[PDB]
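First, one chain by itself in structure tokens, the form deposited in one PDB entry.
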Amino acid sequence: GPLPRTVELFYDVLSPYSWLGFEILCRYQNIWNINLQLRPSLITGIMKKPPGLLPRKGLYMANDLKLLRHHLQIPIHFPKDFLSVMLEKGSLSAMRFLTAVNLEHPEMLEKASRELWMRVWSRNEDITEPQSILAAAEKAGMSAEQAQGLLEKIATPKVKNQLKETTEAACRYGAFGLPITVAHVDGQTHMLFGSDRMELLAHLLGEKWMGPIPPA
């Protein structure tokens, strides 16, 4: 039959909306005729303040994630401590780990990514310490040795360069933030920003949109 359309998702586990778009795409990956390609990326390679105590956009995000938790049925929870803190700690080791997973055991990438989001954006757990990464990896179903082997590659030139190259690809697609979803279909390439454009994606693909929680 006709070849599946490649849909690339560029994401960083530090991004709440990246998780939301990720889950919607994963839900459609065996329904639509697509080749979902996960692209672990680093927001700090892309991103190029209000004096008010409680900025309007910050309030909006807090309210929005509350609604989207229910709408998408994803257990996303705003962190108990300052967002600034999670963000300052960063996701470098985590994204390098996911890059290593992509290179060695791509079939584990989806669950590994989900488990890291579950730490940072569901349970408010650290994702910068080695033990933290390993905990997520083992929850994803990786063996301790497998996870430890991948952990040891986080700082290798190959993994560091792959993450840079993937992040650069996002930039070349016009990314000003994550997530971006890139569909290659009908002889064109389309970049969509955020988690709220999946119905438009469906239309680009000529596929049926059944909402953020499609049936069996």
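Rigid core: the largest C-alpha set superposing within 1.5 Å between the two forms. Residues that one form lacks are left out of the comparison. Note that residue numbering begins at 1 and tracks the sequence as displayed.
According to the entry, the deposited sequence has 4 to 9 residues without coordinates between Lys48 and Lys49. In this entry, the higher average B-factor at the C-alpha atoms falls on 141 to 149, of the pair 141 to 149 and 104 to 112. Higher mean CA B-factor, judged across 150 to 158 and 29 to 37 from the recorded values: 150 to 158. Within the selection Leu72, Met95, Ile76, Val85, the deposited Cα B-factor values reach their highest point at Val85.
When the modelled residues of the chain are ordered by C-alpha B-factor, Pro2 sits in the highest third.
When all modelled residues of the chain are sorted by CA temperature factor, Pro215 is found within the highest third.
One more form of this protein exists, namely the form deposited in another entry; it is left out here, but the text below deals with it.
Aligning the rigid core between this form and the one not shown and inspecting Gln131, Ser84, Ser143, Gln73, the C-alpha positions shift by 2 Å or more at one residue, which is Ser84. Comparing the forms between this form and the one not shown on their core, residues 49 to 54, 80 to 87 form runs of at least three in a row where every Cα shifts 2 Å or more.
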